[PDB]
Ligand SMILES: *[C@@H]1O[C@H](CO)[C@@H](O)[C@H](O)[C@H]1NC(C)=O
Ligand SMILES: [Ca+2]
Ligand SMILES: [Ca+2]
Ligand SMILES: [Ca+2]
Ligand SMILES: [Ca+2]
């Protein structure tokens, strides 16, 4: 809410100060990436 | 007395036969009976050992010489099968899905094997002649082989990547591997839980007989496809009750021992050839 005004008790995060002093919002976790890549399985090399 | 040399022995025809020695060997020998657990389970009599001992005594054996060793099944019994009696008889239940395992077990115990250790991590191994095999036993022995050409490079496989190796054994309690002779193979064996040995088939083991309980003629104790001999020490029995099986074994113990002979490798006269 903004003081000295009738606009109050609204839910959300206004763009005035989303940082709230905090220098960074952190979220940690795991991430799994099933991808396709270039591997010959050490099977494209010279014979010798 | 002359233990290191093979001297010819000259015998003469017309030499009178000696009396029967069956009684003397029964009195001075030990008999081991190997049966599966299901046999004892079906019999369901805590005193059946004493009954069989008394019946054997009625047949001749002193009542301290017949031993009964119990094994869970063919697969478990195949791990280091130790047979120490003068005469060993193995009742092997037949399973249509375990033909190769039964054949391997019989090959291992019905024949004498001279085995040297194997360091698959150190040497490339080759089989010299038809008598040479790779016998491996353990809780879970998986064997993969990569044949190498004259330049030591693999054939159909890469020595660096064991994934390309040709798998010959998977989760085997016992396996007798036969590869092409005169070719060096890089071996990948789960040594952590199984031991592989480079063995030669010296010849028959005459003090071990195997009765296949309720199957057909399927044992192949020779890797040669052109031969599947049925030696006198491999018998077959139809069955419904294990008590009948044991009664048949007791009643025809004379014939069963007749089919067998004292271990040639054993006894004093075999000294300084391989053992005692
Ligand atoms: C062998 O058996 C015969 C006939 O039963 C008997 O006379 C003889 O004493 C036995 N023993 C020997 C050593 O010949
Ligand atoms: Ca097997
Ligand atoms: Ca391959
Ligand atoms: Ca071979
Ligand atoms: Ca064969």
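For chain B, we keep the numbers from Swiss-Prot: what you see runs 51-326, in order.
For this deposited structure, the header notes the method as electron microscopy, 2.9 Å.
In case you wondered, yes, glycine gets a Cβ from its N, Cα and C as well.
Feature list (source: Swiss-Prot):
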BINDING   B:95, B:206, B:214, B:216  Ca(2+) 1 binding site
BINDING   B:177, B:228, B:229, B:231, B:301  Ca(2+) 2 binding site
DISULFID  B:82-B:135  disulfide bond
DISULFID  B:165-B:249  disulfide bond
DISULFID  B:191-B:244  disulfide bond
DISULFID  B:196-B:207  disulfide bond
CARBOHYD  B:69  N-linked glycosylation site
- Work out the three-state DSSP category of residue B:214 (Ca(2+) 1 binding site). helix
- Task: Determine, to the nearest whole angstrom, how far the Cα atom of residue B:244 (disulfide bond) is from the Cα atom of residue B:216 (Ca(2+) 1 binding site).
- Result: 18
- Quick one: pull the CA-CA distance for residue B:214 (Ca(2+) 1 binding site) versus residue B:301 (Ca(2+) 2 binding site), whole Å only. 55
- Note on the structure: Taking B:177, B:191, B:206, B:214, B:228, B:231 as the recorded positions, the residues having C-beta under 6 A from ligand 4 are B:177, B:228, B:231
- Task: Pop the Cα-Cα gap between residue B:177 (Ca(2+) 2 binding site) and residue B:207 (disulfide bond) into the table, whole Å please.
- Result: 19
- Query: So among the binding-site residues B:95, B:216, B:228, B:231, who's got the most Cβ atoms within 10 Å?
  - Reply: B:216
- Taking just the CA atoms, what is the gap between residue B:231 (Ca(2+) 2 binding site) and residue B:196 (disulfide bond) in Å? 13
- Quick one: which of the recorded positions (B:69, B:95, B:228, B:231, B:244) have their CB closer than 6 Å to ligand 1? B:69
- Task: Return the member of B:69, B:135, B:206 nearest to residue B:301 (Ca(2+) 2 binding site) in space, with distance defined Cα to Cα and candidates limited to these recorded positions.
- Result: B:135
